[PDB]
file upload-v3.cif (mmCIF, N, CA and C atoms)
data_start
loop_
_atom_site.label_atom_id
_atom_site.label_comp_id
_atom_site.auth_asym_id
_atom_site.auth_seq_id
_atom_site.Cartn_x
_atom_site.Cartn_y
_atom_site.Cartn_z
N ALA A 2176 -15.39 -9.77 -60.64
CA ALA A 2176 -15.39 -10.61 -59.45
C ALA A 2176 -14.65 -9.93 -58.30
N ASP A 2177 -13.54 -9.25 -58.59
CA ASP A 2177 -12.81 -8.56 -57.53
C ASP A 2177 -13.64 -7.45 -56.91
N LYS A 2178 -14.51 -6.82 -57.70
CA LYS A 2178 -15.50 -5.90 -57.14
C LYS A 2178 -16.38 -6.57 -56.08
N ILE A 2179 -16.91 -7.75 -56.39
CA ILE A 2179 -17.75 -8.48 -55.44
C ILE A 2179 -16.96 -8.87 -54.20
N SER A 2180 -15.72 -9.35 -54.40
CA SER A 2180 -14.90 -9.75 -53.26
C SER A 2180 -14.60 -8.58 -52.34
N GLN A 2181 -14.30 -7.41 -52.90
CA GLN A 2181 -14.12 -6.21 -52.09
C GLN A 2181 -15.39 -5.84 -51.33
N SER A 2182 -16.54 -5.90 -52.01
CA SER A 2182 -17.83 -5.68 -51.36
C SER A 2182 -18.00 -6.56 -50.13
N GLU A 2183 -17.77 -7.87 -50.30
CA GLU A 2183 -17.96 -8.81 -49.20
C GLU A 2183 -16.91 -8.63 -48.11
N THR A 2184 -15.70 -8.23 -48.47
CA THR A 2184 -14.69 -7.88 -47.47
C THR A 2184 -15.16 -6.74 -46.58
N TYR A 2185 -15.73 -5.69 -47.18
CA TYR A 2185 -16.26 -4.59 -46.37
C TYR A 2185 -17.45 -5.02 -45.52
N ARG A 2186 -18.31 -5.88 -46.06
CA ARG A 2186 -19.42 -6.41 -45.26
C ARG A 2186 -18.95 -7.24 -44.06
N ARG A 2187 -17.95 -8.11 -44.26
CA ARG A 2187 -17.42 -8.88 -43.14
C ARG A 2187 -16.74 -7.98 -42.12
N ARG A 2188 -16.06 -6.93 -42.59
CA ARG A 2188 -15.44 -5.99 -41.68
C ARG A 2188 -16.49 -5.31 -40.81
N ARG A 2189 -17.60 -4.90 -41.43
CA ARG A 2189 -18.68 -4.27 -40.67
C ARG A 2189 -19.27 -5.23 -39.64
N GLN A 2190 -19.40 -6.51 -39.99
CA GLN A 2190 -19.86 -7.49 -39.00
C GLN A 2190 -18.87 -7.62 -37.84
N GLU A 2191 -17.57 -7.56 -38.13
CA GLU A 2191 -16.61 -7.55 -37.04
C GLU A 2191 -16.74 -6.29 -36.18
N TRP A 2192 -17.13 -5.16 -36.79
CA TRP A 2192 -17.47 -4.00 -35.96
C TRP A 2192 -18.74 -4.19 -35.14
N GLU A 2193 -19.67 -5.05 -35.55
CA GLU A 2193 -20.72 -5.44 -34.61
C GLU A 2193 -20.18 -6.26 -33.44
N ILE A 2194 -19.26 -7.18 -33.71
CA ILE A 2194 -18.68 -7.94 -32.60
C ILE A 2194 -17.97 -7.02 -31.61
N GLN A 2195 -17.21 -6.05 -32.13
CA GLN A 2195 -16.48 -5.14 -31.25
C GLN A 2195 -17.40 -4.16 -30.54
N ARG A 2196 -18.36 -3.58 -31.25
CA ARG A 2196 -19.26 -2.61 -30.64
C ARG A 2196 -20.11 -3.26 -29.56
N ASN A 2197 -20.64 -4.45 -29.83
CA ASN A 2197 -21.44 -5.15 -28.83
C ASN A 2197 -20.60 -5.56 -27.63
N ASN A 2198 -19.36 -6.00 -27.86
CA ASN A 2198 -18.47 -6.32 -26.74
C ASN A 2198 -18.20 -5.10 -25.86
N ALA A 2199 -17.95 -3.95 -26.49
CA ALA A 2199 -17.74 -2.72 -25.74
C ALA A 2199 -18.99 -2.29 -24.98
N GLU A 2200 -20.17 -2.42 -25.61
CA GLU A 2200 -21.40 -2.05 -24.92
C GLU A 2200 -21.67 -2.95 -23.72
N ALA A 2201 -21.44 -4.25 -23.86
CA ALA A 2201 -21.61 -5.17 -22.74
C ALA A 2201 -20.63 -4.89 -21.60
N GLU A 2202 -19.36 -4.63 -21.92
CA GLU A 2202 -18.39 -4.28 -20.89
C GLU A 2202 -18.75 -2.97 -20.19
N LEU A 2203 -19.21 -1.98 -20.96
CA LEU A 2203 -19.69 -0.73 -20.36
C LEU A 2203 -20.87 -0.99 -19.44
N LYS A 2204 -21.80 -1.84 -19.86
CA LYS A 2204 -22.99 -2.07 -19.05
C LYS A 2204 -22.61 -2.78 -17.75
N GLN A 2205 -21.69 -3.74 -17.81
CA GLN A 2205 -21.32 -4.44 -16.58
C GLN A 2205 -20.52 -3.54 -15.65
N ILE A 2206 -19.86 -2.51 -16.19
CA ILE A 2206 -19.09 -1.63 -15.32
C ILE A 2206 -20.03 -0.81 -14.44
N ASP A 2207 -21.17 -0.39 -14.99
CA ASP A 2207 -22.12 0.40 -14.20
C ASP A 2207 -22.61 -0.39 -13.00
N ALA A 2208 -22.92 -1.68 -13.21
CA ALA A 2208 -23.35 -2.52 -12.09
C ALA A 2208 -22.20 -2.75 -11.12
N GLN A 2209 -20.96 -2.78 -11.61
CA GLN A 2209 -19.83 -2.88 -10.69
C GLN A 2209 -19.78 -1.66 -9.79
N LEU A 2210 -20.05 -0.48 -10.37
CA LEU A 2210 -20.11 0.75 -9.59
C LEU A 2210 -21.25 0.71 -8.58
N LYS A 2211 -22.40 0.13 -8.96
CA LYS A 2211 -23.51 -0.01 -8.02
C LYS A 2211 -23.13 -0.89 -6.84
N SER A 2212 -22.43 -2.00 -7.11
CA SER A 2212 -21.97 -2.87 -6.03
C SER A 2212 -20.97 -2.15 -5.14
N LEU A 2213 -20.06 -1.38 -5.73
CA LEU A 2213 -19.09 -0.68 -4.91
C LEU A 2213 -19.72 0.49 -4.16
N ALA A 2214 -20.81 1.06 -4.67
CA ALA A 2214 -21.55 2.07 -3.91
C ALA A 2214 -22.20 1.47 -2.67
N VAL A 2215 -22.74 0.26 -2.81
CA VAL A 2215 -23.28 -0.45 -1.65
C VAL A 2215 -22.17 -0.75 -0.65
N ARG A 2216 -21.03 -1.24 -1.15
CA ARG A 2216 -19.90 -1.55 -0.28
C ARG A 2216 -19.36 -0.30 0.42
N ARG A 2217 -19.25 0.80 -0.32
CA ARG A 2217 -18.77 2.06 0.24
C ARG A 2217 -19.68 2.57 1.34
N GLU A 2218 -21.00 2.52 1.14
CA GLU A 2218 -21.83 3.00 2.23
C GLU A 2218 -21.94 1.97 3.35
N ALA A 2219 -21.55 0.72 3.09
CA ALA A 2219 -21.45 -0.26 4.16
C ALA A 2219 -20.27 0.09 5.07
N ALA A 2220 -19.17 0.53 4.47
CA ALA A 2220 -18.03 0.94 5.28
C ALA A 2220 -18.38 2.17 6.11
N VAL A 2221 -19.23 3.05 5.57
CA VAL A 2221 -19.71 4.20 6.33
C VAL A 2221 -20.50 3.74 7.55
N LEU A 2222 -21.37 2.75 7.35
CA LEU A 2222 -22.12 2.23 8.49
C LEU A 2222 -21.20 1.54 9.51
N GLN A 2223 -20.13 0.89 9.04
CA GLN A 2223 -19.15 0.34 9.97
C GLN A 2223 -18.48 1.45 10.77
N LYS A 2224 -18.22 2.59 10.12
CA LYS A 2224 -17.69 3.74 10.85
C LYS A 2224 -18.67 4.19 11.92
N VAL B 2030 -20.45 -0.79 69.48
CA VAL B 2030 -19.56 -0.37 68.40
C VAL B 2030 -19.24 -1.54 67.47
N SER B 2031 -18.93 -2.72 68.01
CA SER B 2031 -18.63 -3.84 67.13
C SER B 2031 -19.84 -4.22 66.27
N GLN B 2032 -21.05 -4.04 66.81
CA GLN B 2032 -22.24 -4.18 65.97
C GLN B 2032 -22.28 -3.13 64.88
N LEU B 2033 -21.86 -1.90 65.19
CA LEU B 2033 -21.84 -0.90 64.14
C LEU B 2033 -20.84 -1.26 63.05
N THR B 2034 -19.65 -1.74 63.44
CA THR B 2034 -18.67 -2.14 62.44
C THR B 2034 -19.22 -3.25 61.55
N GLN B 2035 -20.08 -4.10 62.11
CA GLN B 2035 -20.65 -5.19 61.34
C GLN B 2035 -21.69 -4.70 60.33
N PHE B 2036 -22.50 -3.72 60.74
CA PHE B 2036 -23.35 -3.02 59.78
C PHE B 2036 -22.54 -2.28 58.71
N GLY B 2037 -21.39 -1.72 59.07
CA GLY B 2037 -20.54 -1.08 58.08
C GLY B 2037 -19.92 -2.02 57.06
N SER B 2038 -19.59 -3.23 57.48
CA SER B 2038 -19.08 -4.22 56.53
C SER B 2038 -20.17 -4.77 55.61
N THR B 2039 -21.34 -5.09 56.17
CA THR B 2039 -22.49 -5.37 55.31
C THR B 2039 -22.80 -4.23 54.35
N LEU B 2040 -22.75 -2.98 54.81
CA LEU B 2040 -23.04 -1.85 53.94
C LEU B 2040 -22.03 -1.72 52.81
N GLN B 2041 -20.74 -1.93 53.10
CA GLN B 2041 -19.74 -1.89 52.04
C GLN B 2041 -19.97 -2.99 51.02
N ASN B 2042 -20.33 -4.19 51.48
CA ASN B 2042 -20.61 -5.28 50.55
C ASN B 2042 -21.79 -4.94 49.64
N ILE B 2043 -22.82 -4.31 50.21
CA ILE B 2043 -23.96 -3.87 49.41
C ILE B 2043 -23.51 -2.84 48.38
N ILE B 2044 -22.71 -1.86 48.81
CA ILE B 2044 -22.21 -0.84 47.89
C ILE B 2044 -21.54 -1.49 46.69
N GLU B 2045 -20.64 -2.44 46.95
CA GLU B 2045 -19.91 -3.10 45.87
C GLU B 2045 -20.84 -3.87 44.93
N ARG B 2046 -21.81 -4.61 45.49
CA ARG B 2046 -22.70 -5.41 44.65
C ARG B 2046 -23.65 -4.55 43.83
N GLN B 2047 -24.15 -3.45 44.40
CA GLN B 2047 -25.04 -2.54 43.68
C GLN B 2047 -24.40 -2.02 42.40
N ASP B 2048 -23.14 -1.62 42.47
CA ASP B 2048 -22.50 -1.00 41.32
C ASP B 2048 -21.88 -2.01 40.36
N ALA B 2049 -21.46 -3.18 40.86
CA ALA B 2049 -21.18 -4.26 39.92
C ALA B 2049 -22.42 -4.69 39.14
N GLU B 2050 -23.60 -4.64 39.76
CA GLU B 2050 -24.82 -4.99 39.03
C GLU B 2050 -25.31 -3.87 38.12
N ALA B 2051 -25.02 -2.62 38.46
CA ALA B 2051 -25.32 -1.53 37.53
C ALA B 2051 -24.42 -1.56 36.30
N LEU B 2052 -23.15 -1.93 36.47
CA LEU B 2052 -22.30 -2.15 35.30
C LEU B 2052 -22.75 -3.36 34.48
N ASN B 2053 -23.09 -4.45 35.16
CA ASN B 2053 -23.59 -5.65 34.49
C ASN B 2053 -24.83 -5.36 33.63
N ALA B 2054 -25.82 -4.66 34.20
CA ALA B 2054 -26.96 -4.20 33.41
C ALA B 2054 -26.57 -3.23 32.29
N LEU B 2055 -25.59 -2.36 32.51
CA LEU B 2055 -25.22 -1.41 31.46
C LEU B 2055 -24.64 -2.11 30.24
N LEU B 2056 -23.75 -3.08 30.46
CA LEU B 2056 -23.11 -3.78 29.36
C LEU B 2056 -24.11 -4.45 28.42
N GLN B 2057 -25.20 -5.00 28.96
CA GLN B 2057 -26.21 -5.62 28.10
C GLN B 2057 -26.99 -4.61 27.27
N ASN B 2058 -27.22 -3.41 27.79
CA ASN B 2058 -27.84 -2.36 26.98
C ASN B 2058 -26.92 -1.90 25.86
N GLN B 2059 -25.63 -1.77 26.15
CA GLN B 2059 -24.67 -1.45 25.10
C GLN B 2059 -24.59 -2.55 24.03
N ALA B 2060 -24.56 -3.81 24.44
CA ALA B 2060 -24.56 -4.92 23.48
C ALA B 2060 -25.82 -4.94 22.62
N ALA B 2061 -26.99 -4.81 23.25
CA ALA B 2061 -28.24 -4.72 22.52
C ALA B 2061 -28.24 -3.58 21.51
N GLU B 2062 -27.64 -2.44 21.86
CA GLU B 2062 -27.68 -1.33 20.91
C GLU B 2062 -26.65 -1.52 19.80
N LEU B 2063 -25.51 -2.14 20.12
CA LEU B 2063 -24.47 -2.40 19.13
C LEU B 2063 -24.91 -3.42 18.09
N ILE B 2064 -25.81 -4.34 18.45
CA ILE B 2064 -26.24 -5.39 17.52
C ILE B 2064 -27.00 -4.83 16.31
N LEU B 2065 -27.78 -3.76 16.48
CA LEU B 2065 -28.62 -3.25 15.39
C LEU B 2065 -27.79 -2.84 14.18
N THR B 2066 -26.66 -2.16 14.42
CA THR B 2066 -25.84 -1.73 13.29
C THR B 2066 -25.24 -2.93 12.58
N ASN B 2067 -24.90 -3.99 13.32
CA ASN B 2067 -24.36 -5.18 12.67
C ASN B 2067 -25.42 -5.82 11.78
N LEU B 2068 -26.68 -5.81 12.23
CA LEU B 2068 -27.76 -6.34 11.40
C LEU B 2068 -27.91 -5.55 10.11
N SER B 2069 -27.83 -4.22 10.21
CA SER B 2069 -27.91 -3.38 9.02
C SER B 2069 -26.76 -3.65 8.06
N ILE B 2070 -25.55 -3.83 8.60
CA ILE B 2070 -24.38 -4.12 7.77
C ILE B 2070 -24.55 -5.46 7.05
N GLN B 2071 -25.01 -6.49 7.77
CA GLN B 2071 -25.16 -7.81 7.15
C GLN B 2071 -26.24 -7.79 6.07
N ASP B 2072 -27.36 -7.11 6.33
CA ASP B 2072 -28.40 -6.99 5.32
C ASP B 2072 -27.88 -6.27 4.09
N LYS B 2073 -27.12 -5.20 4.28
CA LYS B 2073 -26.61 -4.46 3.14
C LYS B 2073 -25.48 -5.21 2.42
N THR B 2074 -24.81 -6.13 3.11
CA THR B 2074 -23.87 -7.02 2.43
C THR B 2074 -24.62 -7.93 1.48
N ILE B 2075 -25.84 -8.32 1.87
CA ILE B 2075 -26.64 -9.15 0.97
C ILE B 2075 -26.93 -8.38 -0.32
N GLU B 2076 -27.29 -7.09 -0.18
CA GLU B 2076 -27.55 -6.27 -1.36
C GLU B 2076 -26.30 -6.12 -2.21
N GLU B 2077 -25.13 -6.13 -1.57
CA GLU B 2077 -23.87 -6.12 -2.31
C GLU B 2077 -23.72 -7.38 -3.16
N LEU B 2078 -24.10 -8.53 -2.61
CA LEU B 2078 -24.03 -9.76 -3.40
C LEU B 2078 -25.07 -9.78 -4.51
#
call {"tool": "encode", "arguments": {"input": "upload-v3.cif", "output": "structure tokens"}}
result
Amino acid sequence: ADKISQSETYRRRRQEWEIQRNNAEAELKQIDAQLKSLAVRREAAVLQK
Amino acid sequence: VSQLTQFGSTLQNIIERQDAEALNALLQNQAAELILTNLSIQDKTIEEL
């Protein structure tokens, strides 16, 4: 039984690595769009110049 | 001679009005040209949002 419990512990750990990996991927993806917004803002300041 | 002085005062008044009206016309051309960049900035602020 302890064999099975260890197996399931590793499986739950891997699922938590899905939670972490997906969270990191989503944060990375939103950062790129933040850069796109700041690129628009930056060239807006150029036009103000 | 007093008639000539009277033509000279009318002429000075014309001089003053001609160039006040040339400045008046100039300011509106500057305003019209300044507006275009503001329109571009506002449109690009929309793209920022």
call {"tool": "residues_around", "arguments": {"input": "upload-v3.cif", "residues": "residue 2212 of chain A", "least_positions_apart": "6", "cutoff": "8 Å", "atoms": "all atoms listed in the file", "output": "PyMOL selection string"}}
result
(chain A and resi 2206+2218) or (chain B and resi 2076-2078)
call {"tool": "resolve_selection", "arguments": {"input": "upload-v3.cif", "expression": "the PyMOL selection byres ((chain B and name CA) within 9 of (chain A and name CA))", "output": "ChimeraX atom specification"}}
result
/B:2066-2067,2069-2071,2073-2074,2076-2078
call {"tool": "write_last_selection", "arguments": {"input": "upload-v3.cif", "atoms": "N, CA and C atoms", "output": "PDB file, in the coordinates of the input"}}
result
ATOM      1  N   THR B2066     -26.660  -2.160  14.420  1.00  0.00           N
ATOM      2  CA  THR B2066     -25.840  -1.730  13.290  1.00  0.00           C
ATOM      3  C   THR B2066     -25.240  -2.930  12.580  1.00  0.00           C
ATOM      4  N   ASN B2067     -24.900  -3.990  13.320  1.00  0.00           N
ATOM      5  CA  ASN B2067     -24.360  -5.180  12.670  1.00  0.00           C
ATOM      6  C   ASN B2067     -25.420  -5.820  11.780  1.00  0.00           C
ATOM      7  N   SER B2069     -27.830  -4.220  10.210  1.00  0.00           N
ATOM      8  CA  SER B2069     -27.910  -3.380   9.020  1.00  0.00           C
ATOM      9  C   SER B2069     -26.760  -3.650   8.060  1.00  0.00           C
ATOM     10  N   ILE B2070     -25.550  -3.830   8.600  1.00  0.00           N
ATOM     11  CA  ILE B2070     -24.380  -4.120   7.770  1.00  0.00           C
ATOM     12  C   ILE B2070     -24.550  -5.460   7.050  1.00  0.00           C
ATOM     13  N   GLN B2071     -25.010  -6.490   7.770  1.00  0.00           N
ATOM     14  CA  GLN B2071     -25.160  -7.810   7.150  1.00  0.00           C
ATOM     15  C   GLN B2071     -26.240  -7.790   6.070  1.00  0.00           C
ATOM     16  N   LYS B2073     -27.120  -5.200   4.280  1.00  0.00           N
ATOM     17  CA  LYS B2073     -26.610  -4.460   3.140  1.00  0.00           C
ATOM     18  C   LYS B2073     -25.480  -5.210   2.420  1.00  0.00           C
ATOM     19  N   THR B2074     -24.810  -6.130   3.110  1.00  0.00           N
ATOM     20  CA  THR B2074     -23.870  -7.020   2.430  1.00  0.00           C
ATOM     21  C   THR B2074     -24.620  -7.930   1.480  1.00  0.00           C
ATOM     22  N   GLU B2076     -27.290  -7.090  -0.180  1.00  0.00           N
ATOM     23  CA  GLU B2076     -27.550  -6.270  -1.360  1.00  0.00           C
ATOM     24  C   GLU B2076     -26.300  -6.120  -2.210  1.00  0.00           C
ATOM     25  N   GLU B2077     -25.130  -6.130  -1.570  1.00  0.00           N
ATOM     26  CA  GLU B2077     -23.870  -6.120  -2.310  1.00  0.00           C
ATOM     27  C   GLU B2077     -23.720  -7.380  -3.160  1.00  0.00           C
ATOM     28  N   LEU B2078     -24.100  -8.530  -2.610  1.00  0.00           N
ATOM     29  CA  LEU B2078     -24.030  -9.760  -3.400  1.00  0.00           C
ATOM     30  C   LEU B2078     -25.070  -9.780  -4.510  1.00  0.00           C
TER      31      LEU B2078
END
call {"tool": "atom_distance", "arguments": {"input": "upload-v3.cif", "atom1": "atom C of residue 2063 of chain B", "atom2": "atom CA of residue 2224 of chain A"}}
result
12.5 Å
call {"tool": "axis_aligned_box", "arguments": {"input": "upload-v3.cif", "around": "segment 2186-2196 of chain A", "padding_each_side": "6 Å", "output": "AutoDock Vina command-line options"}}
result
--center_x -18.1 --center_y -5.7 --center_z -37.8 --size_x 17.3 --size_y 18.3 --size_z 28.5
